[PDB]
Amino acid sequence: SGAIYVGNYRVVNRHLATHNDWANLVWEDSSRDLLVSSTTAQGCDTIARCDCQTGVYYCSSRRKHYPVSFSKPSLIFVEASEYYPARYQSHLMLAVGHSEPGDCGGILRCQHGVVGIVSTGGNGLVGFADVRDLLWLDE
Ligand SMILES: COc1ncccc1CC(=O)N1CCC[C@H](C(N)=O)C1
Ligand SMILES: [Zn+2]
């Protein structure tokens with residue numbers, strides 16, 4: 001689990017969204033595993049606006065932060081689960097690192113702020129759903 005709180009928005013993995021998230025839906029994209037809902041308080045998380053390929057992510061399965069090199073956002077094939085059939089997930093970034101299903105929601109940060117959240121994993125690779133292109137999160 002885990003979420004980004006920027007202004008009057010809450011950003012979570014679409015597969016983990018609650019009933020409240022769906023009742024206060026602003027935007028969702030099944031192909032990106034993202035869902036944004038409204039909040040009645042003003043969060044102060046900074047979203048990075050950059051082309052960075054290094055950063056640090058939180059891994060709840062190890063209670064540790066890990067520094068990573070990660071790929072540029074792209075369409076990557078993702079195997080079937082109880083949430084999605086096998087498909088291509090867009091805006092995904094992979095890094096060499098540890099993850100388990102419960103790690104989805106862990107924030108990936110660079111020196112400019114929040115880059116995205118853990119969304120996929122397997123075989124010593126961790127995938128992050130990028131959020132740096134969603135410029136409307138600040139406006
Ligand atoms: C961090 O996730 C993992 N890490 C290791 C093994 C397994 C996982 C779980 C995982 O990849 N997914 C299940 C939930 C939805 C995901 C998606 N975006 O399609 C795929
Ligand atoms: Zn940057």
Side-chain angles (χ1 to χ4, degrees):
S1 71
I4 315 162
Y5 295 95
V6 48
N8 292 309
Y9 297 125
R10 162 176 146 105
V11 188
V12 297
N13 297 85
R14 196 198 185 268
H15 76 273
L16 296 177
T18 74
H19 281 270
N20 199 84
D21 283 318
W22 279 101
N24 297 315
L25 184 61
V26 167
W27 175 71
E28 53 83 29
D29 194 322
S30 174
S31 89
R32 295 175 68 153
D33 182 50
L34 287 190
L35 185 147
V36 182
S37 58
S38 54
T39 68
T40 77
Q42 209 92 21
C44 4
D45 256 328
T46 284
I47 313 296
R49 299 305 179 191
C50 64
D51 66 334
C52 260
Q53 286 191 236
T54 80
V56 170
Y57 81 101
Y58 181 67
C59 178
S60 68
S61 64
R62 294 291 182 269
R63 293 196 206 112
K64 261 181 198 77
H65 297 255
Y66 292 117
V68 286
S69 264
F70 56 88
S71 75
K72 275 219 163 102
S74 67
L75 263 180
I76 287 146
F77 189 71
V78 173
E79 225 64 69
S81 81
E82 86 261 35
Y83 312 104
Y84 299 114
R87 68 209 221 280
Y88 284 95
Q89 174 158 326
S90 70
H91 300 269
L92 195 62
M93 302 171 301
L94 302 180
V96 175
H98 176 72
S99 72
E100 295 175 40
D103 285 324
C104 288
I107 278 175
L108 167 68
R109 279 200 123 91
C110 62
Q111 67 175 100
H112 348 81
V114 181
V115 175
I117 49 161
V118 173
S119 181
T120 67
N123 298 312
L125 286 141
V126 50
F128 307 97
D130 178 71
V131 306
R132 303 177 285 183
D133 61 314
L134 304 172
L135 308 186
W136 55 267
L137 289 170
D138 295 318
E139 51 197 72

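Any value given below was found using the heavy atoms of this structure, including those in side chains, with hydrogens, waters and symmetry copies removed. By convention here, the first residue in the shown sequence is residue 1.
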Checklist entry - Heavy-atom distance under 4.5 Å between the side chains of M93 and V68, does that happen here? => result no
Checklist entry - For the residue pair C104 and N13, what are the closest heavy atoms and their distance? => result C-OD1, 3.5 Å
Next on the checklist: Could you report the tightest heavy-atom contact between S99 and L125, atom names first, then the distance?
Outcome noted: OG-O, 4.1 Å
Next on the checklist: Show, in sequence, the C-alpha distance, side-chain angles and deciding distance for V115 and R109, and conclude whether the side chain to side chain contact (heavy atoms under 4.5 Å, CB included) test is met.
Outcome noted: CA-CA 5 Å; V115 175; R109 279 200 123 91; 5.7 Å; no
Item to check | Between OG on residue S74 and CG on residue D130, distance to nearest 0.5 Å | outcome: 10.5 Å
Checklist entry - Is there side-chain contact between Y58 and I107, with at least one heavy-atom pair below 4.5 Å? => result no
Item to check | Nearest non-hydrogen partners of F128 and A95, listed with the distance | outcome: CE1-CB, 3.8 Å
Checklist entry - Looking only at heavy atoms, which two atoms of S61 and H98 are closest? And how far apart? => result OG-NE2, 3.1 Å
Checklist entry - Do the rings of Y57 and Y66 sit parallel, tilted or perpendicular, given the 30° and 60° boundaries? => result tilted
Checklist outcome for this item: Connected to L75, directly or through other members, by ILVMFWY side-chain contacts below 4.5 Å are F77, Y88
Checklist entry - Given side chains that start at C-beta, do those of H91 and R132 come closer than 4.5 Å, heavy atoms only? => result no
Next on the checklist: Taking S38's backbone N and O only, do any of them form a donor-acceptor pair with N24's side chain (distance below 3.5 Å, no angle check)?
Outcome noted: no
Next on the checklist: Nearest 0.5 angstrom please: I47 CD1 to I4 CD1, how far?
Outcome noted: 5.0 Å
Checklist entry - At their closest point, which heavy atom of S37 faces which heavy atom of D21, and how far apart are they? => result OG-OD1, 2.6 Å
Checklist entry - Do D103 and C59 have side chains that get closer than 4.5 Å, going by heavy atoms? => result yes
Item to check | Co-membership, hydrophobic cluster, residues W27 and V114, 4.5 Å side-chain | outcome: yes
Checklist entry - Would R87 and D33 pass as an ion pair if we require N to O under 4.0 Å? => result no
Checklist entry - If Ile, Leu, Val, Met, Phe, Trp and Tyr residues are connected whenever their side-chain heavy atoms lie under 4.5 Å apart, and connections chain through other members, are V118 and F70 in the same group? => result yes
Next on the checklist: Keeping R14 on the side-chain end and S31 on the backbone end, is there a donor-acceptor pair under 3.5 Å?
Outcome noted: no
Checklist entry - Does one hydrophobic cluster hold both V6 and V26, with members joined at side-chain heavy-atom distances below 4.5 Å? => result yes
Checklist outcome for this item: To the nearest 0.5 Å, atom CG of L92 lies from atom CD1 of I76 at 4.0 Å
Item to check | Mutual orientation of the aromatic rings belonging to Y84 and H15 [parallel < 30°, tilted 30-60°, perpendicular > 60°] | outcome: perpendicular
Next on the checklist: Any non-hydrogen side-chain atom of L134 less than 4.5 Å from a side-chain atom of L34?
Outcome noted: yes
Checklist entry - If you round to the nearest 0.5 Å, how far is CG of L35 from CG of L16? => result 10.5 Å
Next on the checklist: Please give me the minimum heavy-atom distance between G102 and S60, naming the atom from each residue.
Outcome noted: O-OG, 3.6 Å
Checklist entry - Do you reckon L108 sits in the same ILVMFWY cluster as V131, going by side-chain contacts under 4.5 Å, direct or chained? => result no
Next on the checklist: For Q89 and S119, which I'm curious about, is there any donor-acceptor pair between the side chains at under 3.5 Å?
Outcome noted: yes
Item to check | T18 side chain reached by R10 side chain, heavy atoms, under 4.5 Å | outcome: yes
Next on the checklist: Would you say that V56 contacts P67 through its side chain, given a criterion of any heavy-atom pair below 4.5 Å between the two side chains?
Outcome noted: yes
Item to check | Mutual orientation of the aromatic rings belonging to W136 and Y9 [parallel < 30°, tilted 30-60°, perpendicular > 60°] | outcome: perpendicular
Item to check | 4.5 Å side-chain heavy-atom contact, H112 and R49 | outcome: no
